[PDB]
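A.B. asks: What follows is upload-v4.cif, made up of mmCIF, C-alpha atoms and all ligand atoms:
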```cif
data_model
loop_
_atom_site.label_atom_id
_atom_site.label_comp_id
_atom_site.auth_asym_id
_atom_site.auth_seq_id
_atom_site.Cartn_x
_atom_site.Cartn_y
_atom_site.Cartn_z
CA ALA M 108 -20.32 15.23 11.83
CA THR M 109 -19.86 12.08 13.86
CA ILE M 110 -16.88 9.88 13.00
CA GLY M 111 -17.82 7.16 10.52
CA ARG M 112 -15.95 3.87 10.16
CA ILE M 113 -15.39 1.76 7.04
CA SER M 114 -14.83 -1.95 7.58
CA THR M 115 -11.69 -3.30 5.89
CA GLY M 116 -13.24 -6.71 5.19
CA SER M 117 -11.07 -8.29 7.92
CA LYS M 118 -12.54 -8.57 11.42
CA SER M 119 -8.96 -8.87 12.71
CA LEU M 120 -7.86 -5.60 11.12
CA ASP M 121 -11.16 -3.92 12.05
CA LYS M 122 -10.56 -4.76 15.72
CA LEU M 123 -7.02 -3.34 15.58
CA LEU M 124 -8.47 -0.16 14.04
CA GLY M 125 -11.32 0.20 16.54
CA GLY M 126 -13.98 -0.70 13.97
CA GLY M 127 -12.51 0.29 10.61
CA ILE M 128 -10.81 3.26 8.99
CA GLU M 129 -12.22 6.61 10.12
CA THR M 130 -13.80 9.47 8.27
CA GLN M 131 -12.28 12.87 9.08
CA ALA M 132 -8.91 11.09 9.05
CA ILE M 133 -5.98 10.17 6.79
CA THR M 134 -5.02 6.50 7.14
CA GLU M 135 -1.52 5.80 5.79
CA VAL M 136 -0.59 2.20 4.96
CA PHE M 137 3.07 1.55 4.22
CA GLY M 138 5.20 -1.50 3.48
CA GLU M 139 7.32 -3.22 0.85
CA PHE M 140 6.37 -3.83 -2.76
CA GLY M 141 3.88 -6.68 -2.82
CA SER M 142 2.74 -6.44 0.79
CA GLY M 143 -0.90 -5.96 -0.28
CA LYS M 144 -1.53 -2.21 0.14
CA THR M 145 -3.39 -1.96 -3.18
CA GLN M 146 -5.51 -5.02 -2.29
CA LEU M 147 -6.62 -3.21 0.90
CA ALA M 148 -7.44 -0.14 -1.24
CA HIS M 149 -9.54 -2.19 -3.68
CA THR M 150 -11.41 -3.84 -0.80
CA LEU M 151 -12.21 -0.52 0.90
CA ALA M 152 -13.57 0.89 -2.39
CA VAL M 153 -16.22 -1.85 -2.24
CA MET M 154 -16.79 -1.99 1.54
CA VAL M 155 -17.68 1.72 1.82
CA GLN M 156 -20.65 1.15 -0.51
CA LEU M 157 -22.33 -1.29 1.91
CA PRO M 158 -24.90 0.01 4.42
CA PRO M 159 -23.69 0.69 7.98
CA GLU M 160 -25.19 -2.59 9.22
CA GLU M 161 -22.54 -4.34 7.09
CA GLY M 162 -19.67 -1.95 7.86
CA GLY M 163 -20.14 0.59 5.04
CA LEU M 164 -21.36 4.18 4.72
CA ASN M 165 -23.46 3.93 1.52
CA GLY M 166 -20.62 6.01 0.08
CA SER M 167 -19.16 7.07 -3.26
CA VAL M 168 -15.40 6.71 -3.94
CA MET M 169 -12.72 8.85 -5.58
CA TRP M 170 -9.49 7.10 -6.60
CA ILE M 171 -6.22 8.78 -7.66
CA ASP M 172 -3.86 6.26 -9.32
CA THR M 173 -0.18 7.14 -9.75
CA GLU M 174 1.11 3.72 -10.93
CA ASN M 175 -1.62 2.24 -13.19
CA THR M 176 -2.60 -0.33 -10.56
CA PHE M 177 -6.38 0.14 -10.31
CA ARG M 178 -8.11 -2.99 -11.67
CA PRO M 179 -11.84 -2.79 -12.47
CA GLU M 180 -11.91 -6.57 -12.85
CA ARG M 181 -10.69 -6.90 -9.25
CA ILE M 182 -13.41 -4.48 -8.06
CA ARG M 183 -15.96 -6.67 -9.87
CA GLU M 184 -14.66 -9.84 -8.17
CA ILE M 185 -14.70 -8.31 -4.67
CA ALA M 186 -18.16 -6.79 -5.19
CA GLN M 187 -19.66 -10.03 -6.49
CA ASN M 188 -18.25 -11.91 -3.49
CA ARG M 189 -19.53 -9.26 -1.06
CA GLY M 190 -23.09 -9.62 -2.32
CA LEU M 191 -23.20 -6.37 -4.30
CA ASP M 192 -23.86 -5.62 -7.97
CA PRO M 193 -20.45 -5.10 -9.63
CA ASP M 194 -21.79 -2.62 -12.21
CA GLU M 195 -23.30 -0.45 -9.47
CA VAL M 196 -20.10 -0.58 -7.41
CA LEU M 197 -17.96 0.54 -10.36
CA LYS M 198 -20.47 3.31 -11.22
CA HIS M 199 -19.73 4.90 -7.83
CA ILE M 200 -15.93 4.96 -8.17
CA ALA M 201 -14.55 8.10 -9.84
CA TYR M 202 -11.09 7.25 -11.19
CA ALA M 203 -8.17 9.37 -12.40
CA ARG M 204 -4.51 8.70 -13.17
CA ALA M 205 -2.04 11.35 -12.02
CA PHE M 206 0.47 12.14 -14.79
CA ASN M 207 3.05 13.67 -12.40
CA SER M 208 3.09 15.14 -8.89
CA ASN M 209 1.83 18.57 -10.02
CA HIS M 210 -1.14 17.00 -11.80
CA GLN M 211 -1.73 14.85 -8.70
CA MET M 212 -2.09 18.05 -6.69
CA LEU M 213 -4.57 19.51 -9.22
CA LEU M 214 -6.65 16.29 -9.08
CA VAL M 215 -7.21 16.81 -5.37
CA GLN M 216 -8.61 20.27 -6.09
CA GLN M 217 -10.87 18.79 -8.78
CA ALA M 218 -11.96 16.12 -6.29
CA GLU M 219 -13.40 18.88 -4.10
CA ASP M 220 -15.79 19.94 -6.88
CA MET M 221 -17.22 16.44 -7.18
CA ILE M 222 -17.37 16.07 -3.39
CA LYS M 223 -19.51 19.22 -3.24
CA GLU M 224 -21.79 17.95 -6.04
CA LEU M 225 -22.64 14.70 -4.15
CA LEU M 226 -22.58 16.15 -0.61
CA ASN M 227 -26.36 16.33 -0.20
CA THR M 228 -27.20 13.13 -2.13
CA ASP M 229 -27.81 9.59 -0.91
CA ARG M 230 -24.32 8.54 -2.13
CA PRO M 231 -21.95 11.25 -0.85
CA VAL M 232 -18.22 10.78 -1.29
CA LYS M 233 -16.98 8.90 1.77
CA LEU M 234 -13.61 7.52 0.56
CA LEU M 235 -10.70 9.22 -1.24
CA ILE M 236 -7.81 6.88 -2.20
CA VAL M 237 -4.35 8.06 -3.27
CA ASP M 238 -2.38 5.00 -4.49
CA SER M 239 0.48 5.64 -4.50
CA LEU M 240 0.93 8.95 -2.75
CA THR M 241 4.73 9.35 -2.81
CA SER M 242 5.85 7.70 -6.05
CA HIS M 243 5.87 10.79 -8.32
CA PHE M 244 7.40 12.97 -5.60
CA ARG M 245 10.19 10.42 -5.15
CA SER M 246 11.04 10.08 -8.86
CA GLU M 247 10.88 13.82 -9.64
CA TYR M 248 12.99 15.04 -6.66
CA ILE M 249 16.08 12.79 -6.71
CA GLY M 250 19.13 13.76 -4.72
CA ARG M 251 19.74 15.30 -1.32
CA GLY M 252 19.74 18.82 -2.76
CA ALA M 253 16.10 18.44 -3.88
CA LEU M 254 14.81 16.94 -0.58
CA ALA M 255 13.81 20.34 0.88
CA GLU M 256 11.61 21.20 -2.11
CA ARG M 257 10.20 17.67 -2.19
CA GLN M 258 9.17 17.99 1.46
CA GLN M 259 7.58 21.39 0.78
CA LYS M 260 5.36 19.99 -1.97
CA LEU M 261 4.46 16.82 -0.04
CA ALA M 262 3.46 18.85 3.02
CA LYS M 263 1.06 21.03 1.01
CA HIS M 264 -0.45 17.94 -0.65
CA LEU M 265 -1.06 16.31 2.72
CA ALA M 266 -2.56 19.52 4.13
CA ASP M 267 -4.97 19.62 1.17
CA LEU M 268 -6.00 16.03 1.91
CA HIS M 269 -6.41 16.74 5.64
CA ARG M 270 -8.70 19.64 4.81
CA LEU M 271 -10.97 17.52 2.60
CA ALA M 272 -11.20 14.72 5.17
CA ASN M 273 -12.32 17.07 7.96
CA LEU M 274 -14.39 19.57 5.94
CA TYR M 275 -16.47 16.96 4.07
CA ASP M 276 -16.44 13.96 6.47
CA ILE M 277 -14.40 11.66 4.20
CA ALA M 278 -11.99 8.83 4.96
CA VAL M 279 -8.72 9.50 3.13
CA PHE M 280 -6.66 6.35 2.49
CA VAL M 281 -3.11 6.64 1.12
CA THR M 282 -0.47 3.99 0.31
CA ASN M 283 3.30 4.44 0.51
CA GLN M 284 5.97 1.98 -0.69
CA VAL M 285 8.83 1.74 1.83
CA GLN M 286 11.63 -0.82 1.60
CA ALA M 287 15.38 -1.21 2.00
CA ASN M 288 16.16 0.15 -1.48
CA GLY M 289 13.82 3.13 -1.20
CA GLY M 302 10.84 4.76 0.42
CA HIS M 303 10.09 7.23 3.20
CA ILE M 304 7.25 7.22 5.72
CA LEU M 305 5.04 10.40 5.73
CA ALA M 306 6.59 11.47 9.14
CA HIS M 307 3.82 12.45 11.61
CA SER M 308 1.52 13.78 8.89
CA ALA M 309 -1.08 11.00 8.67
CA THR M 310 -3.83 10.62 11.25
CA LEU M 311 -2.95 6.97 11.60
CA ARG M 312 -0.04 4.83 10.36
CA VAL M 313 -0.46 1.14 9.51
CA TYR M 314 2.59 -1.04 8.78
CA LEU M 315 1.77 -3.95 6.46
CA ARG M 316 4.01 -6.94 5.72
CA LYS M 317 3.95 -10.47 4.32
CA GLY M 318 4.11 -13.43 6.68
CA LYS M 319 4.49 -17.18 6.34
CA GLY M 320 1.99 -18.95 4.11
CA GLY M 321 0.85 -15.83 2.27
CA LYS M 322 -0.69 -14.23 5.35
CA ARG M 323 -0.51 -10.46 5.78
CA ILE M 324 0.22 -8.82 9.14
CA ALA M 325 -0.76 -5.28 10.19
CA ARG M 326 0.58 -3.22 13.12
CA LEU M 327 -0.21 0.32 14.27
CA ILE M 328 2.88 2.55 14.29
CA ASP M 329 3.05 5.27 16.94
CA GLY M 336 -1.38 -6.40 19.02
CA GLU M 337 -1.20 -7.38 15.35
CA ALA M 338 -3.97 -8.23 12.91
CA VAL M 339 -3.58 -11.13 10.48
CA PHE M 340 -5.55 -11.76 7.29
CA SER M 341 -5.52 -13.20 3.77
CA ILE M 342 -6.05 -11.85 0.25
CA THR M 343 -9.02 -13.73 -1.26
CA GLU M 344 -11.90 -13.36 -3.72
CA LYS M 345 -13.56 -11.21 -1.03
CA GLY M 346 -10.67 -8.71 -1.17
CA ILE M 347 -9.16 -9.32 2.25
CA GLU M 348 -10.65 -11.44 5.03
CA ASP M 349 -9.57 -13.32 8.16
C1 LIG M 401 -6.75 12.70 -15.82
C2 LIG M 401 -8.01 12.47 -16.66
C3 LIG M 401 -9.26 12.33 -15.85
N1 LIG M 401 -9.93 13.32 -15.36
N2 LIG M 401 -11.01 12.91 -14.57
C4 LIG M 401 -11.10 11.60 -14.51
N3 LIG M 401 -12.04 10.94 -13.83
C5 LIG M 401 -13.02 11.64 -13.01
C6 LIG M 401 -12.33 12.28 -11.83
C7 LIG M 401 -12.14 13.67 -11.77
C8 LIG M 401 -11.39 14.25 -10.76
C9 LIG M 401 -10.82 13.44 -9.79
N4 LIG M 401 -10.03 13.73 -8.72
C10 LIG M 401 -9.70 12.57 -8.07
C11 LIG M 401 -10.28 11.51 -8.70
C12 LIG M 401 -11.01 12.04 -9.81
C13 LIG M 401 -11.77 11.49 -10.84
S1 LIG M 401 -9.90 10.76 -15.42
#
```
Go through the file and emit its structure as structure tokens.
Ligand SMILES: CCc1nnc(NCc2ccc3[nH]ccc3c2)s1
C.D. replies:
Amino acid sequence: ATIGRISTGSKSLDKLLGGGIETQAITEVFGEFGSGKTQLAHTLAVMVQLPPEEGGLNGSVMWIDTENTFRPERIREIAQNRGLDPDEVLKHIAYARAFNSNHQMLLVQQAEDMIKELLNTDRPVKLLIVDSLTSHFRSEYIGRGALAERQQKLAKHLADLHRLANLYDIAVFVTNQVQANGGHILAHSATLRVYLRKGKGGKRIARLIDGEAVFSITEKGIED
């Protein structure tokens, strides 16, 4: 399959990304609590449902929530202000809450069954969100003595996600909380790392890790 791109809603961020986030790729966004990672996730869950002329892929979405932060009301707001029908947009998001890191891993296997079911339809899965990818792994494997096993489980989880992205032509989008009092970047595992932070006057700033884009959080999700 060719590489598809999903617009983020921000022309600034799209330019930094070369057009949007890529299918057949894992995009990892990391930053402090409150930097706006979940707002970018909510916006992408709407954008992917637009036609390609508007930066979408006419796609379905699968969302794995580890922290109870998915907000259907926010999806409705973004959809309404992107000229879509909010009921239709929500109908094409499949949502699940991961109870712990082992259940989170099983949900990715279940995701593959639904991906196969929609593969040959007019609304194939094009976006798989894991928000937040590391939180259960961090809370369940505390202490230096457990770090080796934590890394083992995380590496298998990421390999599973890599496989789905490439095999089924899906954009995988994962968030990761990293700050002074806790958090670890996903080493070299993601296809692409995006650092997100707050700036003066409520602006958000994005940089590619291994220019900068600037945008706001609005009723449209994010925008310049
Ligand atoms: C934990 C209870 C649920 N079981 N399923 C749900 N919603 C549908 C569903 C099923 C599998 C999934 N894999 C990733 C997202 C996703 C969504 S909610």
A.B. asks: What residues have any atom no more than 7 Å from ligand LIG 401 (chain M) when counting all atoms listed in the file, and can you list them as a list in words?
C.D. replies: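 Taking all atoms listed in the file into account, the residues around ligand LIG 401 (chain M) at most 7 Å away are residues 169, 170, 171, 201, 202, 203, 204, 205, 214, 215, 217 and 218 of chain M.
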A.B. asks: Please provide the set of residues having any atom within 12 Å of residue 160 in chain M, restricted to only C-alpha atoms, with same-chain residues fewer than 4 positions apart removed, written as an mmCIF file with C-alpha atoms, in the frame of the given file.
C.D. replies:
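What landed in around-v5.cif:
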```cif
data_model
loop_
_atom_site.group_PDB
_atom_site.id
_atom_site.type_symbol
_atom_site.label_atom_id
_atom_site.label_comp_id
_atom_site.auth_asym_id
_atom_site.auth_seq_id
_atom_site.Cartn_x
_atom_site.Cartn_y
_atom_site.Cartn_z
ATOM 1 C CA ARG M 112 -15.950 3.870 10.160
ATOM 2 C CA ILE M 113 -15.390 1.760 7.040
ATOM 3 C CA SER M 114 -14.830 -1.950 7.580
ATOM 4 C CA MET M 154 -16.790 -1.990 1.540
ATOM 5 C CA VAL M 155 -17.680 1.720 1.820
ATOM 6 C CA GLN M 156 -20.650 1.150 -0.510
ATOM 7 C CA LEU M 164 -21.360 4.180 4.720
ATOM 8 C CA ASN M 165 -23.460 3.930 1.520
#
```
A.B. asks: Nearest to residue 153 in chain M among M:349, M:184, M:238, M:267, with distances taken over all atoms listed in the file: which residue is it?
C.D. replies: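 Between M:349, M:184, M:238, M:267, the residue approaching residue 153 in chain M most closely is M:184.
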A.B. asks: I need every residue sitting at most 7 Å from the point (-17.9, 11.6, -0.4) (coordinates as in the file, all atoms listed in the file considered), written as a PDB file with C-alpha atoms, in the frame of the given file.
C.D. replies:
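New file out15.pdb:
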```pdb
ATOM      1  CA  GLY M 166     -20.620   6.010   0.080  1.00  0.00           C
ATOM      2  CA  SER M 167     -19.160   7.070  -3.260  1.00  0.00           C
ATOM      3  CA  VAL M 168     -15.400   6.710  -3.940  1.00  0.00           C
ATOM      4  CA  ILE M 222     -17.370  16.070  -3.390  1.00  0.00           C
ATOM      5  CA  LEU M 225     -22.640  14.700  -4.150  1.00  0.00           C
ATOM      6  CA  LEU M 226     -22.580  16.150  -0.610  1.00  0.00           C
ATOM      7  CA  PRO M 231     -21.950  11.250  -0.850  1.00  0.00           C
ATOM      8  CA  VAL M 232     -18.220  10.780  -1.290  1.00  0.00           C
ATOM      9  CA  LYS M 233     -16.980   8.900   1.770  1.00  0.00           C
ATOM     10  CA  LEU M 234     -13.610   7.520   0.560  1.00  0.00           C
ATOM     11  CA  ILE M 277     -14.400  11.660   4.200  1.00  0.00           C
TER      12      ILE M 277
END
```
A.B. asks: Using all atoms listed in the file, can you tell me which of M:185, M:207, M:246, M:134 comes closest to residue 310 in chain M?
C.D. replies: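 Checking each candidate against residue 310 in chain M, we get M:134 as the closest.
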A.B. asks: Looking at M:177, M:329, M:213, M:124, which one is nearest to residue 264 in chain M, with distances taken over all atoms listed in the file?
C.D. replies: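 The closest residue to residue 264 in chain M is M:213.
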A.B. asks: For residue 181 in chain M, work out the shell of residues within 12 Å, counting only C-alpha atoms and skipping chain neighbours fewer than 6 positions away, then give it as a VMD selection string.
C.D. replies: chain M and resid 145 to 150 152 to 153 187 to 188 193 196 to 197 342 to 347
A.B. asks: Restricting the calculation to only C-alpha atoms, which member of M:144, M:223, M:269, M:118 is positioned closest to residue 284 in chain M?
C.D. replies: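 Using only C-alpha atoms, the shortest distance to residue 284 in chain M belongs to M:144.
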A.B. asks: Measuring atom to atom with only C-alpha atoms, identify which of M:140, M:199, M:276, M:183 is nearest to residue 288 in chain M.
C.D. replies: M:140
A.B. asks: Kindly reconstruct range 250-272 of chain M with N, CA, C and O atoms and present the result as a PDB file, in the frame of the given file.
C.D. replies:
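After the write, rebuild.pdb holds the following:
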```pdb
ATOM      1  N   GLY M 250      17.949  13.072  -5.208  1.00  0.00           N
ATOM      2  CA  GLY M 250      19.130  13.760  -4.720  1.00  0.00           C
ATOM      3  C   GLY M 250      18.854  14.530  -3.442  1.00  0.00           C
ATOM      4  O   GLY M 250      17.753  15.040  -3.207  1.00  0.00           O
ATOM      5  N   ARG M 251      19.885  14.621  -2.598  1.00  0.00           N
ATOM      6  CA  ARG M 251      19.740  15.300  -1.320  1.00  0.00           C
ATOM      7  C   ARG M 251      19.440  16.782  -1.493  1.00  0.00           C
ATOM      8  O   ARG M 251      18.717  17.369  -0.680  1.00  0.00           O
ATOM      9  N   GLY M 252      19.965  17.403  -2.552  1.00  0.00           N
ATOM     10  CA  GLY M 252      19.740  18.820  -2.760  1.00  0.00           C
ATOM     11  C   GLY M 252      18.300  19.181  -3.068  1.00  0.00           C
ATOM     12  O   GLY M 252      17.904  20.339  -2.879  1.00  0.00           O
ATOM     13  N   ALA M 253      17.506  18.218  -3.540  1.00  0.00           N
ATOM     14  CA  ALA M 253      16.100  18.440  -3.880  1.00  0.00           C
ATOM     15  C   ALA M 253      15.150  18.027  -2.766  1.00  0.00           C
ATOM     16  O   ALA M 253      13.934  18.186  -2.924  1.00  0.00           O
ATOM     17  N   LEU M 254      15.676  17.457  -1.682  1.00  0.00           N
ATOM     18  CA  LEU M 254      14.810  16.940  -0.580  1.00  0.00           C
ATOM     19  C   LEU M 254      13.974  18.058   0.059  1.00  0.00           C
ATOM     20  O   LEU M 254      12.812  17.794   0.381  1.00  0.00           O
ATOM     21  N   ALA M 255      14.545  19.249   0.237  1.00  0.00           N
ATOM     22  CA  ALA M 255      13.810  20.340   0.880  1.00  0.00           C
ATOM     23  C   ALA M 255      12.589  20.741   0.059  1.00  0.00           C
ATOM     24  O   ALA M 255      11.497  20.923   0.607  1.00  0.00           O
ATOM     25  N   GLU M 256      12.751  20.875  -1.259  1.00  0.00           N
ATOM     26  CA  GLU M 256      11.610  21.200  -2.110  1.00  0.00           C
ATOM     27  C   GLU M 256      10.615  20.045  -2.174  1.00  0.00           C
ATOM     28  O   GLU M 256       9.398  20.265  -2.217  1.00  0.00           O
ATOM     29  N   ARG M 257      11.112  18.805  -2.204  1.00  0.00           N
ATOM     30  CA  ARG M 257      10.200  17.670  -2.190  1.00  0.00           C
ATOM     31  C   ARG M 257       9.339  17.682  -0.936  1.00  0.00           C
ATOM     32  O   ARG M 257       8.137  17.392  -0.999  1.00  0.00           O
ATOM     33  N   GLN M 258       9.935  18.007   0.215  1.00  0.00           N
ATOM     34  CA  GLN M 258       9.170  17.990   1.460  1.00  0.00           C
ATOM     35  C   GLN M 258       8.149  19.123   1.469  1.00  0.00           C
ATOM     36  O   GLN M 258       7.034  18.961   1.988  1.00  0.00           O
ATOM     37  N   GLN M 259       8.510  20.272   0.888  1.00  0.00           N
ATOM     38  CA  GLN M 259       7.580  21.390   0.780  1.00  0.00           C
ATOM     39  C   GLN M 259       6.324  20.987   0.020  1.00  0.00           C
ATOM     40  O   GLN M 259       5.201  21.265   0.454  1.00  0.00           O
ATOM     41  N   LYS M 260       6.500  20.338  -1.131  1.00  0.00           N
ATOM     42  CA  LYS M 260       5.360  19.990  -1.970  1.00  0.00           C
ATOM     43  C   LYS M 260       4.521  18.895  -1.324  1.00  0.00           C
ATOM     44  O   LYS M 260       3.285  18.959  -1.342  1.00  0.00           O
ATOM     45  N   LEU M 261       5.191  17.920  -0.713  1.00  0.00           N
ATOM     46  CA  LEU M 261       4.460  16.820  -0.040  1.00  0.00           C
ATOM     47  C   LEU M 261       3.621  17.391   1.101  1.00  0.00           C
ATOM     48  O   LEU M 261       2.481  16.944   1.270  1.00  0.00           O
ATOM     49  N   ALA M 262       4.173  18.346   1.849  1.00  0.00           N
ATOM     50  CA  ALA M 262       3.460  18.850   3.020  1.00  0.00           C
ATOM     51  C   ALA M 262       2.191  19.599   2.614  1.00  0.00           C
ATOM     52  O   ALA M 262       1.165  19.510   3.300  1.00  0.00           O
ATOM     53  N   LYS M 263       2.250  20.354   1.510  1.00  0.00           N
ATOM     54  CA  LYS M 263       1.060  21.030   1.010  1.00  0.00           C
ATOM     55  C   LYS M 263       0.009  20.028   0.539  1.00  0.00           C
ATOM     56  O   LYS M 263      -1.188  20.192   0.810  1.00  0.00           O
ATOM     57  N   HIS M 264       0.448  18.997  -0.190  1.00  0.00           N
ATOM     58  CA  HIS M 264      -0.450  17.940  -0.650  1.00  0.00           C
ATOM     59  C   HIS M 264      -1.163  17.284   0.521  1.00  0.00           C
ATOM     60  O   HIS M 264      -2.389  17.111   0.496  1.00  0.00           O
ATOM     61  N   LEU M 265      -0.420  16.932   1.572  1.00  0.00           N
ATOM     62  CA  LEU M 265      -1.060  16.310   2.720  1.00  0.00           C
ATOM     63  C   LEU M 265      -2.017  17.275   3.412  1.00  0.00           C
ATOM     64  O   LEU M 265      -3.098  16.873   3.867  1.00  0.00           O
ATOM     65  N   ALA M 266      -1.654  18.557   3.489  1.00  0.00           N
ATOM     66  CA  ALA M 266      -2.560  19.520   4.130  1.00  0.00           C
ATOM     67  C   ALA M 266      -3.855  19.654   3.342  1.00  0.00           C
ATOM     68  O   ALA M 266      -4.938  19.791   3.935  1.00  0.00           O
ATOM     69  N   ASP M 267      -3.769  19.623   2.005  1.00  0.00           N
ATOM     70  CA  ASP M 267      -4.970  19.620   1.170  1.00  0.00           C
ATOM     71  C   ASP M 267      -5.858  18.431   1.504  1.00  0.00           C
ATOM     72  O   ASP M 267      -7.082  18.563   1.630  1.00  0.00           O
ATOM     73  N   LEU M 268      -5.250  17.249   1.631  1.00  0.00           N
ATOM     74  CA  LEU M 268      -6.000  16.030   1.910  1.00  0.00           C
ATOM     75  C   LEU M 268      -6.626  16.064   3.302  1.00  0.00           C
ATOM     76  O   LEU M 268      -7.774  15.634   3.486  1.00  0.00           O
ATOM     77  N   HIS M 269      -5.870  16.547   4.296  1.00  0.00           N
ATOM     78  CA  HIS M 269      -6.410  16.740   5.640  1.00  0.00           C
ATOM     79  C   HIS M 269      -7.657  17.594   5.619  1.00  0.00           C
ATOM     80  O   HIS M 269      -8.668  17.280   6.262  1.00  0.00           O
ATOM     81  N   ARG M 270      -7.583  18.709   4.896  1.00  0.00           N
ATOM     82  CA  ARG M 270      -8.700  19.640   4.810  1.00  0.00           C
ATOM     83  C   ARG M 270      -9.943  18.967   4.247  1.00  0.00           C
ATOM     84  O   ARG M 270     -11.043  19.147   4.776  1.00  0.00           O
ATOM     85  N   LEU M 271      -9.798  18.180   3.174  1.00  0.00           N
ATOM     86  CA  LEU M 271     -10.970  17.520   2.600  1.00  0.00           C
ATOM     87  C   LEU M 271     -11.569  16.503   3.568  1.00  0.00           C
ATOM     88  O   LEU M 271     -12.799  16.391   3.687  1.00  0.00           O
ATOM     89  N   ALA M 272     -10.711  15.736   4.244  1.00  0.00           N
ATOM     90  CA  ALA M 272     -11.200  14.720   5.170  1.00  0.00           C
ATOM     91  C   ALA M 272     -12.070  15.349   6.253  1.00  0.00           C
ATOM     92  O   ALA M 272     -13.180  14.870   6.527  1.00  0.00           O
TER      93      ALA M 272
END
```
